[PDB]
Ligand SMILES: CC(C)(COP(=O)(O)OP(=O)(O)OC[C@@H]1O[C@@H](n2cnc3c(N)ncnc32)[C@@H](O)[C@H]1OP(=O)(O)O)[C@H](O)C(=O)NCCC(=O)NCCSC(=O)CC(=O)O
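Only one chain is shown below, in structure tokens, and it's the form solved without malonyl-coenzyme A.
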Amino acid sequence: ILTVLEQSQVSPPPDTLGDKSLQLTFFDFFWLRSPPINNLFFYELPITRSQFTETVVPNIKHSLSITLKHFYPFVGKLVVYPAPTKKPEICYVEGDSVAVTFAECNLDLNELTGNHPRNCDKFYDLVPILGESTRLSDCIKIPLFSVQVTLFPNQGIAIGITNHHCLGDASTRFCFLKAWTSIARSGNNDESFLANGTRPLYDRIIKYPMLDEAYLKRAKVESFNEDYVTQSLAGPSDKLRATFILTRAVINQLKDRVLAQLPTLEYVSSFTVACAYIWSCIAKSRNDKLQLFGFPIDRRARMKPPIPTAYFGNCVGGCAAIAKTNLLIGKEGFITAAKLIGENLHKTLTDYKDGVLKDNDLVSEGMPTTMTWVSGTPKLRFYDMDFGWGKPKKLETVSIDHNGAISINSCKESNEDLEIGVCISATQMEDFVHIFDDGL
């Protein structure tokens, strides 16, 4: 089903980059022990094996190489030292490279790019492993970014991107991908990027050393080297992956229902309404006791003073709500969900305005029987990423399979519509589909 054509290593062009480091913040240290992030971009095009070898392979290598000279941390490694003093950092050293795998897949591409339930494990051999760590006398070094480009002969191409969350957040990945695609589209040339594109800002403008040290303690840094193990996804599995669509029209109707029933609810957005609806579906599907639902927040614009969009690295916050499952079910359940999300998000955003940077409560108050954390930021249009073959047919966040997570992103026939990705056991999928569709 999968054939590896080439295992390559891609570096910046000769005589372009010297040794370079990037210092990290508490926002980055938060993710020290996180599993890899895996994303797929699927493209439809009538591409032959010969053409893939002749132009695609060299074009991927060349365009990535050129992009790396502007995005040094992508070709660097996370370096963790055993001493509680020396902070982890990103280091690039001359000779460092990005692992780029070229492969061929004999599965029907049309059996992967749809929205209906497909086996989760069919996607695993399309995403690259993050890569083996390097263990030295004074440190461990972990790769930050890897790529797989997979040919589906006469059908298209999937680009699988795996990264460590310490490299940066979704905004950082978006910035990088905008550059890479520009460079690829313009025939392996950074002239357009340098003139018109958004360059990464490596200035260390987030300086809170006391928070830095507090976050490293929580992430247990002295045992990191001893504890670190690879976390690649592998089958077989009975789980199914589906994509659920909330159209602008449906979202507005749901929003109108919330605003009508709860006229003084301080925060109601397309995103909170989408979250509330999926939240209610998950509650109905699980028929459990107590649930937590949460999601990330890009904090850049909310910082005091504001952080430029192009700031390189992590600048992410989070918000969560907890409710008894019986309160989340049905039409009234969706309303309750929207209320709790809205209230908690309003509180969180007020705290950011006040300049609040920080943030077994559960053991005391009650252990959730389900927890869901959203992957995704619908504001970032990953569906516009065009390497020269057109925009993606389908995006998948494969790493939601690891734990209590769903993906929420914009669509590309419409940036006002939302796509929700779910990977759950086959037995639960059948009901979930009916729950979602019937409820609308």
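One-based numbering along the sequence shown.
Another form, the form deposited with malonyl-coenzyme A bound, is not on view; read the next lines as being about it.
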Task: Option touching malonyl-coenzyme A, based on a heavy atom within 4.5 Å in the deposited complex, out of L240, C166, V268, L130 - done: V268
Open item on the list: Counting any non-hydrogen atom inside 4.5 Å, which residue from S34, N415, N59, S375 sits next to malonyl-coenzyme A in the deposited complex?
Closed with: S375
Task: Stretch in contact in the deposited complex with malonyl-coenzyme A, which is absent here, among 187-195, 137-145, 81-89, 289-297 (heavy atoms within 4.5 Å) - done: 289-297
Open item on the list: So, a 4.5 angstroms cut-off on heavy atom distances: do all three of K20, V75 and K207 pass it with respect to malonyl-coenzyme A in the deposited complex?
Closed with: no
Task: Partner contact for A179 in the deposited complex: malonyl-coenzyme A, 4.5 angstroms, heavy atom - done: no
Open item on the list: Taking malonyl-coenzyme A as it sits in the deposited complex, is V221 near enough to touch it, meaning that at least one heavy atom pair lies within 4.5 angstroms?
Closed with: no
TODO: Verify the contact flag for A170: yes if a non-hydrogen atom of it lies within 4.5 Å of a non-hydrogen atom of malonyl-coenzyme A in the deposited complex, no if not.
DONE: yes
Open item on the list: I'd like to know whether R49 contacts malonyl-coenzyme A in the deposited complex, with contact meaning heavy atoms within 4.5 angstroms.
Closed with: no
